[PDB]
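Below you will find the structure I want to go over with you.
To keep things simple, chains are lettered A, B, C, D, E, F, G, H and I as they appear, and every chain counts its residues starting from 1.
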Amino acid sequence: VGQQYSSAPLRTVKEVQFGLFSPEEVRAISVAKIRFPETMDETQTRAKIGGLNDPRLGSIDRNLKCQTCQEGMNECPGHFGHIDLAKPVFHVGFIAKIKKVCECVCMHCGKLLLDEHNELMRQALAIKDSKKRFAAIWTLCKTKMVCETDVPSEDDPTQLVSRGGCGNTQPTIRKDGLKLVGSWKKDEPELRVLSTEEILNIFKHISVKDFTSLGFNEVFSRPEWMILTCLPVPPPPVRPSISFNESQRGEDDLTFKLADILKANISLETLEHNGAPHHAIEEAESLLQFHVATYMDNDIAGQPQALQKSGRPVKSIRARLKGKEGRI
Amino acid sequence: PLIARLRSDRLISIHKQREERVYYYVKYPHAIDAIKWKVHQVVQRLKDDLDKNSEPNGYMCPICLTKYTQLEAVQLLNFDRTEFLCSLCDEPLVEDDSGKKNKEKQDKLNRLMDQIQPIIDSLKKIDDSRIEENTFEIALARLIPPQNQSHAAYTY
Amino acid sequence: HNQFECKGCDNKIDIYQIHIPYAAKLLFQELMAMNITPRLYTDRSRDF
Amino acid sequence: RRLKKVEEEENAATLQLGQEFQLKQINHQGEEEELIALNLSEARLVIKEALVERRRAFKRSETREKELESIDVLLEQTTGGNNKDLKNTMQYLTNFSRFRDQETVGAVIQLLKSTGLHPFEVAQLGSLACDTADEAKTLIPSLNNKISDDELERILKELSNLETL
Amino acid sequence: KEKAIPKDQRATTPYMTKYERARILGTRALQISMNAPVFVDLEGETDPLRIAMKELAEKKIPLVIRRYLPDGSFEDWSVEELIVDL
Amino acid sequence: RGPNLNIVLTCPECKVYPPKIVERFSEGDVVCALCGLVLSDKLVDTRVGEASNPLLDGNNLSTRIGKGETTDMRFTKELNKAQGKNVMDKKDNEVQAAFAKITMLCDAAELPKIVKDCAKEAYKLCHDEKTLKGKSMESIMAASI
Amino acid sequence: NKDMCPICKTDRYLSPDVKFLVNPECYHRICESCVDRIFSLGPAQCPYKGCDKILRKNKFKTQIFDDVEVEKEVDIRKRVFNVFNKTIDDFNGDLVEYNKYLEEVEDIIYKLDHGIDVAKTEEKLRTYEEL
Amino acid sequence: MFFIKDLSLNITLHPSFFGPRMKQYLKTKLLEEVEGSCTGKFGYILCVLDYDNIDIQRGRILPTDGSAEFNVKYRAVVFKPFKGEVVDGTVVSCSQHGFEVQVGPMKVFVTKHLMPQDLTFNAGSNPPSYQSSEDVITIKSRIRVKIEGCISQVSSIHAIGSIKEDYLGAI
Amino acid sequence: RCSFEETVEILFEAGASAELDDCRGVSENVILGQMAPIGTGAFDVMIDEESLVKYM
């Protein structure tokens, strides 16, 4: 039979532009807000509204229509949902990138640790390709442990020219598990965990020119977007619910992990809402971070693997796209 | 629950130091800004809601409970030009219940401003005067011991 | 109804249809759920 | 490539006609040109001027009622199927046109072009029959603070002075 | 149109390539199979591919090959003017 | 009380309702048995998914945390600690704990799997009711068995 | 009433961008925000307690003098001077006639301000403006 | 409002029309696929100007379709609506929700909430009409309507108007 | 590049750097399911009206 006729022009894809979602884009693009970690109502007859298998996200059955586009399984491409995270969480695939960006800018004002006043930095900023420019900047900036509120003038080293700074000592950043821990040296060194909110706030203060020199794009990818605040929910087609004999229903591994994310998010939201001493909050944050990290990548060095009831490791998105049998 | 809610609104500040002990105090610059913004936001929210309600009501479908605006309904009417037919349900549309609320929202705004009058008067005087930001050490200058033998060492 | 809409952009007259393998659609959707934005465009932006 | 996705709301009162209806237009050749707006009478003359030309091409290779029939028979003869929309326009233009012959419209164009108004405004002024300066100021809000009532009052009088029939 | 090289200074090979011949025969054969007007006299033939081959031999294919260059420029070559030597 | 969202396959040409429909699984086609018109193509069959029985556990999707090819005991211990401190799963854990004890009791007497499935189902149906609030849990489990 | 809209009470302290407007029909203060909502789509009755005089958005203007009573007189004076307008040369230098003419115009303005004879005087204004 | 615009279209020709008179078929296709058509970006395309001198560029054969894609540049008269504009039309249909005014190729709908309070719906009169002390609005009546809102789709445009402002309604 | 090895790692770097792909390679076109610009696809077959008219 084929797909129905469409009035839109028929065109060929010419360019592909990669980027990162903004939190506003995920909320605007999404058609429904997921707030229930269930999939079927109490009667197990129809999918519960607001659940993982919300009818608004599309249909994967030959007998049901999509509540959004009113089209069958063979025409609906799927509609994305979104989950409003209680607290920002790191992106598992950008933790290394986040660490390099943190060491490149001051952790109190969001300004580059080295300005154009340094000859070595001047040549680094002259590099055209972004990937190598970022590496050169990181090498120069990662060894600067102070903001240098005042810098010697370039005309001569006698007088000092004032530059935007705070004179605040920078920490030595290391990655422990899924958390970034910075250590300050005294005038044993003090150690504390850098909260995801603190990193997000610092990243939002980086000037437009500052992170462009780091290889980021003002519109397509900004450092603030590398921290997840709103999580898009893939539609049922991406995570179909297979059946063995049509009398027993099975759910995709993504649905199992997504349900855990909803349960963890609600648990964290309820905790901090009333009581919940700070010790419990950090444990709840770590659990949410672990669930999200394993959802996108279940093979993380030094971390436990999210295992299924049968004992098989959960098949995350990274596993699907990688390997000889992967999507590519 | 009381501290957590009063902490989210930043009307009460927390300070943790090793003696890990937890101390609570009031940060005047933070509380005033939060009160000033929330009061402005609350008034703005009512004003925006009143403005929105002054617009035509719209339409809704009794079956699928889908909101349809005046413009959206105009493209869904039947070929006979007699009733608005729902795209999903192919059923006549029913007018929404938002016509009489126009007066209710206005009344609430009028009552709220009279009740919030002392806050507005206090804020005007606060901006006129010079506000000094408080700190734990500064707050210690006005310390009244709570107990004769309090376990907490009120020192910085 | 011969109607198209892209919620978030607020446009209904800038829609295009393309033919891609269903696996390719799955890949892009999987990437979108992974915070990556694979954007498909019909017009060139840079010269060869 | 920039997906700014910001668009100003269209509005006739603010003269924000959109993005594809800007004042400075580019023709097929590529030279910049000013947007041309046609009033109800001007559109009627232009449309049927092409229909008669269209009739000549194929062949080579008055009161309202009689004119309506003549256009109707001409419309079907010189146009193909699915002309239901064109029929409605010509019928609507004949019953709401204020200028019959080319001479009257030519004088009107030479008249209103001295104001220096926007093409949208002049077309609206030549499209809607207004009797008083206040009538045009409220029905066409864009005219406010753009032309004095003195000039507007005489322009309306002169426009009605050469009123058809 | 700065990307269209004028016919007076075309520098591409004047011989139809195997890939050009393959697509021209296939494209013309597809058109014939969809009831396209045949511009060559048929001495008895039903296969669209064979009819296309007959047209190419007599140089009666109304198509031009737009050869693209690695910078976006192109040259237009008519099937009639392209020598079929392979 | 909700949107229909139902798809019914009928032949436009034949218009006979109900229609005779034959599902050619081998050819992946749904064809009208009267005129031969194909009504739908590219039908799908009816690892990456898990099958659970929604009669003894209802709708409850959960994932355990365990060691992998490389893992530190610190993360596993604390992550398991965080998972236990959940309020939503506590209510269902009592029912799950009851199933675990029933399985142990049923498995210690050498009984078929059908009995424990029936016993677990009986417990779930009769659990969370006002009548069964003053009886010992041992009596409830024995009665269900 | 010092700096707050009589309807929405949007004080300048919280909304410094607020701008006030007045309408000649009843000379009632109202902020710009209220004007657009109530009169954008058409004429509406004045939203005041005790005032039922309809007004249009296009008639709103910015108050010049801080006193409403003086504003009414000046606008009436402008309206009258658009019809009753003469100069000393109009009477060939006859100061006695000009002074009497000026007093009559002032008397008319006084009657309009206080509504002594609104019906009779208004007809007189209409009668004179034609010729 | 009526405008003269320079428009471009992509026309597809089946190989069956690849004859010596194929250009004429393109002209016929343009008049059969453009005239009387509705576009959300340019409004209702009514008439094609300079029908003898359309600029037809060289066609490109599609890879698998087998049809030729031609870019065509032409000058056409288009009626494009805009909110805030005042137009005149004739009422065609009447209903409780409101009446519909015919303005050229477009139908403007006047809602009750956008209608003056005095006007009221009276279904007793045949045909149904809106009756008021000063005037009566019925089918075939001439109404001056101000377009209050416009929603444009890729192939359909709908607008709503009001007659509450002064100098609107019955003419 | 992601088609050969380190598929996910390469894609993550593209998102962070906002890399632009011109789809001038065979791999991009194969993934997108469109005729690659190779062999018979290195050119566009067009219609010739100048020669079409003179043939008949």
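Keep this in mind: contacts are C-beta pairs under 8 Å (C-beta built on N, C-alpha and C of every residue); 3 or more make two chains touch, one makes a residue touch a chain.
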Point to revise | Both-way neighbours, i.e. chains that touch chain F and touch chain E | key: none
Review point. Of the other chains, whose C-alpha centre is the longest way from the centre of chain F?
Key: G
Exercise for review: Count the C-beta pairs in contact for B-G and for G-H, then report the pair with the higher count.
Suggested key: B-G
Check your understanding: By C-alpha centroids, what is the most central chain here?
Key -> C
Review point. Measuring from the mean C-alpha position of chain C to the mean C-alpha position of chain H, what distance in angstrom results?
Key: 30
Revision key, fill the gap. Distance in whole angstrom between the CA centres of chain E and chain G is 83
Review point. Rounded to the nearest whole Å, what is the centre-to-centre distance of chain C and chain D, using the mean of the C-alpha atoms as each centre?
Key: 39
Exercise for review: Spell out, as numbers or ranges, the residues of chain B touching 2 or more other chains.
Suggested key: 87-88
**Study point:** For chain E, residues contacting two or more additional chains
**Key:** 27, 37, 62-64
**Study point:** Sites on chain F at which at least two other chains make contact
**Key:** 2-3
Check your understanding: Touching chain A in the complex: which residues of chain I?
Key -> 2-3, 7-9, 11-23, 28, 31-32, 34
Study note, to complete from the structure: Within their complex, chain A touches chain I through residues 12-20, 93-94, 97, 130-131, 215-217, 220-221, 226, 297, 318, 321-322, 326, 328
Review point. What part of chain H is in contact with chain I in the complex they form?
Key: 18-20, 22-23, 58-61, 63, 68
Exercise for review: Could you pull out which chain G residues touch chain H in their complex?
Suggested key: 41-43, 56
**Study point:** Contacting residues of chain H [partner chain G, same complex]
**Key:** 114, 116, 148, 162, 164-166
